[PDB]
Amino acid sequence: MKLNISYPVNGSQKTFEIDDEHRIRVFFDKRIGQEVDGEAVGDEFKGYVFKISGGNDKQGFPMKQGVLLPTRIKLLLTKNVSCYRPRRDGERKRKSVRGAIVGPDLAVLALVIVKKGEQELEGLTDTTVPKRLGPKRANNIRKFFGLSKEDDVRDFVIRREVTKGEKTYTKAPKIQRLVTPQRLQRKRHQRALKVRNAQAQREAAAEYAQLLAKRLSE
Amino acid sequence: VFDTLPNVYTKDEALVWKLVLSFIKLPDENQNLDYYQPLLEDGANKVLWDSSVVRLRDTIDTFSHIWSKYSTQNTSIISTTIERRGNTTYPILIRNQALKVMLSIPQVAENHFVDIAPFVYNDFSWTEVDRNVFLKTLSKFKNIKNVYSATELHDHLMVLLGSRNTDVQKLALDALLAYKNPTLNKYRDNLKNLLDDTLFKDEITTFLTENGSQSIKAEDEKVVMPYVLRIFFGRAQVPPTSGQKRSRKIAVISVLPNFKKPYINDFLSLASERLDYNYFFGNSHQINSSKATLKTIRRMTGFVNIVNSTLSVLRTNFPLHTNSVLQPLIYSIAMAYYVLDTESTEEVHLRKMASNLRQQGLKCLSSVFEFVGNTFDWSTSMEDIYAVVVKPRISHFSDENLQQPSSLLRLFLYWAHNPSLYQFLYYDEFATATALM
Amino acid sequence: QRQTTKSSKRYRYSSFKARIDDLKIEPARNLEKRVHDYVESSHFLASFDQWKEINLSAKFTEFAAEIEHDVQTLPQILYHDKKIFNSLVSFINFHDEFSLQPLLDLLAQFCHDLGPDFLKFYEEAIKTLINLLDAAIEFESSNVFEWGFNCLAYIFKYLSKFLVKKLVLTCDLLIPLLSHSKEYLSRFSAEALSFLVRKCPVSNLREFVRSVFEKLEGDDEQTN
Amino acid sequence: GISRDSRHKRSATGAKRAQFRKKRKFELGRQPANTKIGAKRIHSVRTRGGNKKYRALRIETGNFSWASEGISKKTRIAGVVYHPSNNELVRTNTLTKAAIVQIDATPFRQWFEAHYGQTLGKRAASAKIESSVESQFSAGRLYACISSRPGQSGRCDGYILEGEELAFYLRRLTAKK
Amino acid sequence: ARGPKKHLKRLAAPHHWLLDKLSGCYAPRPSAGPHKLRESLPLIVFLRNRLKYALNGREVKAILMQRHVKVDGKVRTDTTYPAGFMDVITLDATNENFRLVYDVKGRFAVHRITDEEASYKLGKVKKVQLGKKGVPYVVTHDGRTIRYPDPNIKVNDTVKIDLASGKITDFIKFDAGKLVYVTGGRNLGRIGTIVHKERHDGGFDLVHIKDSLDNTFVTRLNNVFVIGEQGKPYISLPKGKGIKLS
RNA sequence: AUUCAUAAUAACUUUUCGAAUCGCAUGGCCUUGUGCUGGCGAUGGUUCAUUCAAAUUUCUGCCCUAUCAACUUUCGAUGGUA
RNA sequence: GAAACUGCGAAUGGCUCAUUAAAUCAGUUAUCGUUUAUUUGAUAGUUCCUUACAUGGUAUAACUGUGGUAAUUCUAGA
């Protein structure tokens, strides 16, 4: 089969073809989310620790956590689940999906590396892929940069240098949830408007009781 | 670094502890860069003209800035020297960094803890998140009973359980349950569920009411009530803004009337101990420090409100104690008089809260007389209660109190209707009787 | 970053300040089939008939009643100038947004017909214009500003020579508008006076520049 | 599967109506929620409109009121005693409306002792109450009628059986024992 | 049909719109609002079909979105807004106010209206209740809720309403001898004085009315609408003044 | 015509709501703080009223068949109570 | 301003006449027997009540990247 392995800390990943039924039998009868040993798999994975994270069988039906059957089943899938994306509101399709217990009939098994062993994997552990996007909320910029509450964010935003032709150029995200004179004005206005509302209501009610009392005194 | 260090403190578990403590102490510690400041020089002028076009303004600004620096060369030498010297201030979060490390390696603290208990017994100032992470560490401790000062830790830990933040309460229960004993083992889940907001009232009526299944036993009740009492104190300190929270506070007080006489008295003792009255009663009636703060005033206000609800729920069966209820009430009303006399009318917020305090305390006295009255003595405290009655009141009692039955006037009328209490009418030159007249 | 890659659609929003910053003043820079320049039985009357057909508003309807009774011919204008002028100024001071385009347009044309005799109204014509412009600030209407400053530009264009001969007084009259504490008042009023100064010849220009610099020392504190 | 139209019924004359249209959602029903005694569990069914409706599957406590002097206290429900529709419901301990349950007394008697200066069992004109209620207090449990719809509001509220009520239900219980 | 309808055919329209039977297949279904479906005039049927200020639906939408039309002082941008009866629609760029009132033939007649008369609006007090917190309110015939009314304002009355403030300037009681406008059934558009109110308990109260030429008719209370006292209407009546002739 | 509208008391609730949102503007004040105030309108939100609807329902009215005269009721047919 | 999330619409329209003989439907009533998105009009200071409001928190999509299946508007792991 094929072993799609990924090192989340570097966030790197590769695929390795596997042939020996010895290590394949190392894999059988384990479930998604169990633990294995890179030693028992092979020599290059000496000291490595994997957790069974997913896969697809020879016909493409992916593994679904939760179904405890090393075969294929028909599940009425609901809105917020995996291996299904609803096309419409409140729509439930009954889909075919492959069980969780690992067997022979699996074509791709997907693993993440939990404990790095003692030897260097070529593409996985050597290299790494940087984050695509940095923080966008005010407090997430603050947490990423460990900033003290005194210091302002708009000097610490992460800009990105893109270039076209000869003109280089920089981009920066809008810091959602930033505290702004506009927002202060809006809050101030809300309060003032509630005050004005209540005063108008009290004036009208006093006036009505005045009219009613005048009537009863006529 | 957080993923590395928990594998090498083992190689060195002394210097790492020293660094941790250095950071813990570090931000509170003063940092000074009092560098050398020379004598000021007033060398500056409008070197160039002022224009409106922006880039001309800019270059003119750069030139003027350089010129100013050179004219005031000396101090600018100092300043450039500083800026190239660079900083030495540790960022303020450094305490939280160290605390998170401490969390990462708890057993080292459990080992030493000698330089940590000073913080706890000073009650930290620190930030709430740091206090929380430190309490998380205390939960992570393994051999907690054998720490440096187990019992003083335990007392401060009960206080944190009495705190009002339910998350702080959860952490304090985690530590107090890290302390191991079979009774609290038996009631672990019950207390945790009592803290949980949804199951709160169901739990109260589940195992707190008497003569039921899953009720607390006798030895168990003796050993566990203080915990229950602190928890209920926090639940009570919940402030009543919405209907649900009003019902929460009312439920706490309405399960109170079934515990036991010493337990209720101890609950009220909690209230007073958060408050304070040995000022007067080490003096006679004189305030040592003019501590007229909103802090102490709202403290008193919460105390009197908790007492008013207590009366309205136990109105005949509840105990009274001079050192836990009677005296602090008197301190409260006396302080209200004092602040109202002492400070002018510019302090609207203080003044209004003081007046509200006076109202509530007087209603409470009237109530407690109505509700226990003849059932115990007063001679020990008749003089003092008469005093705090009569400093401001007998002077203008007739002028002020004539529209509706006031609480104070109701107090006087209870005094009159009850014979054995004639002692106040007696106690002055019938100032009360003359006021009524 | 002003709107520079236009949206495909047809109706954009264009808030008030955007409209004003996009606004400019020069009509000769501008151009179109001007009615008064087109038909020639009298300029005032030409604009007057076009507007009576186009505008349906209370104030201009009243004004049209009175004046259409009075004017129909150039000698009648010349005879009844004062009554017409007082009527125009009365309504302009009424300050009604729906009627101002016709009223100001007729004012410019009224000067065009009455040129070298218009100077005896000139001063308080200008007073009324500046009052209108400040009130327009109060009730923001970029259209009102366009109309008002174009009325000024047209008045200068029609009375080029005499105003040039007595230039400095114009600057004194406009200095409220010129130093006014609003970017666009400064901007537009200066553009109108710009046309006039560019028209002016050398000698009066020297006198003017001297007088204006001494005014600058007068308002040394002011930057506007 | 539970629908409540009147077109599957025999007519008044005893005729039989052939089907008129497919079943409709605006006449549906739903499975009864047999509320039983135990730790609380309450599902929330979503109803026409956006509205909600709290089916109680298991409920333990309740809100019960003493009508005579007019107070209300939260108590615990012990077990169903009698139910005017199904002795099967009595057997199975199913709370519904109009049930007769035995409830814990302690909050009520504590309020009584604290309000009227007198204990129970073993202003006195006002303190005088009914013999049957006094007897139940001595025992520790009261007879109270559940008077809400735990399948519609997720609650057991009730009133304590006073004079004529209690007379009738004691006769019924005693005669059925 | 499994929900509200969003379409209106052309034959199925209210008849008083005078919509030709060939120009299309659909009629403007009036959006929900103050007046009922069948006794409302949408703004497109008023701006295009009656005023002829437009020629299209897209022209009508251009006018509205350019923000010229105000229906009771407030600017309405919905092109099928159900303008109803006794309504005031102002076109300022034309300097016109329109009271929508019925013509003798049944149809809505444009009624040109001056400013001081466009300042207000009559409304048939139709439900007087006691709102939350104990403040009583009146409900008029076009949705409007008005709180703190005069205590002497009873169901079936008229209240003259200042539009600028949503308030009640004054009112008129439903008694015999008042002037009456009629809004339903065979006689709608007919103004007369109210002679008798034959009142049935559990059924429909009928009203006997008498127009100026002393011709008598009988309508329902649902369809009477009190305008003003004898000889003085509070509003300005359309021409012909609601007299049906030969 | 009402146990109506509405109000009040005591409690209860895995408990709701009581604006952490967005556009154009940039005015008023001064203890000169990057302080305090403030304009036009977008969206949303509880509770009633209205509107567009909806669900059930009262009265009367259907073609041929008596060589179909008894029908419906366990298996709800008619009514009572919960 | 593509993508995607969020909101809304998709319950209308259009088509056919199989069923259905007090059913449908027609005229006539009732809701003091009920739900109602929307529209429209009104409508929500609770000052205090003991130990951040210059504005909390964690996720996820599109995207980057590794893949599976003969195949679909299939989709897994990071």
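Residues numbered from 1 in each chain as written, not as in the entry; some residues may be left out. Chains lettered and ligands numbered in written order. Part of a larger assembly, values for the part shown. Heavy atoms only, no water.

Looking at the method and resolution fields of the entry, one finds cryo-EM and 3.8 Å.

Draft legend 1. How the structure looks around the side chain of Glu221(B). Residues and elements named next belong to chain B. Note that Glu-221 resides in helix α13 (residues 218-237). For the buried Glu-221, no salt bridge is present, and the opposite-charge side chain at shortest range is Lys-260, 4.3 Å distant. Sequence-distant contacts of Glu-221, that is, excluding residues within four places in its chain, are made with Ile-216, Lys-260 and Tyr-263. (Helix = DSSP H or I, 4+ residues; strand = E, 2+ residues; numbered from the N terminus. Buried < 20%, exposed > 50% of the residue type's maximum accessible area, 1.4 Å probe, protein only. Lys, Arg positive; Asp, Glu negative; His and termini not counted. Salt bridge = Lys/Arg side-chain N within 4 Å of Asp/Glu carboxyl O. Contact = heavy atoms within 4.5 Å.)

Draft legend 2. Examining the pattern of salt bridges more closely. This structure, assessed with the given rule, holds 27 salt bridges over all chains. Across the pair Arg72(A) and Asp57(A) runs a salt bridge whose closest N-O atoms are separated by 3.4 Å. On the criterion of sequence distance, the pair formed by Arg72(A) in strand β4 (residues 72-76) and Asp57(A) in strand β3 (residues 49-57) is long-range, its members being 15 residues apart. Through salt bridges with shared partners, a single network forms among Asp72(E), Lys121(E), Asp142(E) and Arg144(E).

Draft legend 3. Inspection of the protein's contact with RNA strand F at higher detail. Not every one of the 58 residues close to RNA strand F is listed here, only the nearest: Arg186(A), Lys9(D), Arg10(D), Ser85(D) and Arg155(D). Within the side chain of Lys194(A), a nitrogen or oxygen atom sits 2.9 Å from a phosphate oxygen of RNA strand F. One of the side-chain nitrogen or oxygen atoms of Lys9(D) is found 2.6 Å away from a sugar or linking oxygen of RNA strand F. At the level of elements, α4 (181-217) of chain A, α14 (243-255) of chain B, β2 (41-46) and β5 (71-82) of chain D together with β9 (127-130) and β10 (136-139) of chain E are the ones that each hand at least two residues to the surface near RNA strand F. Here the residues of the surface near RNA strand F are counted per class, giving 16 nonpolar, 22 polar and 20 charged. (Near = heavy atom within 4 Å. Polar contact = N/O pair within 3.5 Å; in protein donor to acceptor, adjacent residues only side chain to side chain. Nonpolar A, V, L, I, M, F, W, Y, C, P; charged D, E, K, R; others polar.)

Draft legend 4. Quick look at helix α2 (residues 106-116) of chain D. All names here are of chain D. For α2, the tally of buried residues reaches 8 of 11 residues, placing the bulk of the element in the interior. Along α2, the positions that sit buried rather than exposed are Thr-106, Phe-108, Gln-110, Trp-111, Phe-112, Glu-113, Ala-114 and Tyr-116. Immediately beyond the C-terminal end of α2, within one or two residues, lies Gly-117, with a positive phi of roughly 60 degrees.

Draft legend 5. Summary view of the sheet that holds strand β14 (residues 179-182) of chain E. Residues and elements named next belong to chain E. Ordered in space as β17-β16-β15-β14-β18, the 5 strands form an open sheet in which the pairing is antiparallel. The sheet is open, and its two edges are formed by β17 (215-220) and β18 (224-228), each paired on a single side. Geometrically, the sheet is characterised by an average inter-axis angle of 45 degrees between neighbouring strands, direction not taken into account. (Pairing = 2+ DSSP bridges. Axes fitted to C-alpha atoms, helices over the stretch in contact; angles between N-to-C directions.)

Draft legend 6. Quick look at the interface of chain B and chain D. Counting residues at the interface gives 14 residues for chain B, matched by 13 residues for chain D. When the two sides are added together, the surface that chain B and chain D hide from each other amounts to roughly 1,100 Å², 33% of it contributed by carbon and sulfur. Scanning the region where chain B abuts chain D turns up 1 salt bridge. For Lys40(D), the salt bridge identified is with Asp202(B), shortest N-O distance 2.4 Å. The element contributing the most residues to the side of chain B that touches chain D is helix α12 (residues 200-208) of chain B, with 4 residues. Of the residues that constitute the side of chain B that touches chain D, the class distribution is 2 nonpolar, 8 polar and 4 charged. (Buried area = accessible area lost by both parts, 1.4 Å probe.)

Draft legend 7. Focus on the domain arrangement of chain D. Residue and element names in this part refer to chain D. According to the domain assignment, chain D consists of domain 1 (1-30), domain 2 (31-105 + 141-177) and domain 3 (106-140). Computed over C-alpha atoms, the centres of domain 2 and domain 3 are 23 Å apart. Each partner contributes to the interface: domain 2 provides 18 residues, whereas domain 3 provides 15 residues. It is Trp-66, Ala-105 and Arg-141 in domain 2 that bury the most area against domain 3; as a group they hold 40% of the surface buried on that side. Across the contact surface, domain 2 and domain 3 share 0 salt bridges. Counting across the domain 2 and domain 3 interface gives 5 residue pairs in polar contact. Those elements that place two or more of their residues in the side of domain 2 that touches domain 3 are β4 (61-66), β5, β7 (99-104) and β8 (141-146). Counting residues per element, the side of domain 2 that touches domain 3 draws most heavily on β5, which supplies 4 residues. Partitioned by chemical class, the residues of the side of domain 2 that touches domain 3 number 10 nonpolar, 2 polar and 6 charged. (Domains from an automatic or database assignment.)

Draft legend 8. Looking closely at the side chain of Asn96(B). Residue and element names in this part refer to chain B. Here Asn-96 shows up in helix α4 (residues 94-104). On the accessibility criterion, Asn-96 (15% relative accessible area) is buried. With residues near it in sequence (within four places) discarded, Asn-96 still touches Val-129, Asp-130 and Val-133.

Draft legend 9. Focus on the nonpolar core. Grouped together as the largest cluster of nonpolar side chains are 90 residues, with contacts concentrated most on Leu208(B), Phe232(B) and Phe369(B). Contacts of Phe369(B), omitting those with residues within four sequence positions, involve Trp378(B), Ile385(B), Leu411(B), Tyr414(B) and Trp415(B). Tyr122(C), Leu167(C), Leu177(C) and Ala192(C) belong to the second largest nonpolar core, which has 67 residues in total. (Core = buried A, V, L, I, M, F, W, Y, C linked by side-chain atoms within 4.5 Å.)

Draft legend 10. Main features of helix α9 (residues 166-178) of chain B. Residues and elements named next belong to chain B. Along its 13 residues, α9 runs 18 Å from first to last C-alpha, staying within 8% of the 18 Å computed at 1.5 Å per residue. Among all positions in α9, only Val-168, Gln-169, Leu-171, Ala-172, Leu-173, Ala-175, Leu-176, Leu-177 and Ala-178 are buried. Buried residues along α9 sit in contact with α7 (128-140), α8 (150-162), α10 (182-186), α11 (188-195) and α13. (Expected span 1.5 Å × (residues − 1).)

Draft legend 11. The arrangement of the packing of aromatic side chains in detail. Tallying each qualifying case throughout the model produces 58 aromatic pairs over all chains. For the ring pair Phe110(C) and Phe121(C), a centre distance of 6.5 Å and an interplane angle of 50 degrees mean the geometry is tilted. Here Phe110(C) is found in helix α7 (residues 97-113), whereas its partner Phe121(C) is found in helix α8 (residues 119-138), with 11 residues between them in sequence. Judged by relative accessible area, which is 0%, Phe110(C) ranks as buried. Seen in terms of ring centroids, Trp111(D) and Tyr116(D) are 6.0 Å apart; in terms of plane orientation they differ by 65 degrees. Their pairing is edge-to-face. Ring pairs connect the aromatic residues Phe44(C), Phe48(C), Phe60(C), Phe63(C), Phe85(C), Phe91(C), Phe94(C), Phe110(C), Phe118(C) and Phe121(C), which therefore count as one cluster. The ring centre of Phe200(B) lies 5.7 Å from the NZ or CZ of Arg235(B), which sits over that ring. Just above the ring of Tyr120(E) sits the side chain of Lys160(E); from NZ or CZ to the centre is 4.5 Å. (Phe/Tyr/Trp six-rings, centres within 6.5 Å; stacked < 30°, edge-to-face > 60°. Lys NZ or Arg CZ within 6 Å of the ring centre and 35° of its normal.)

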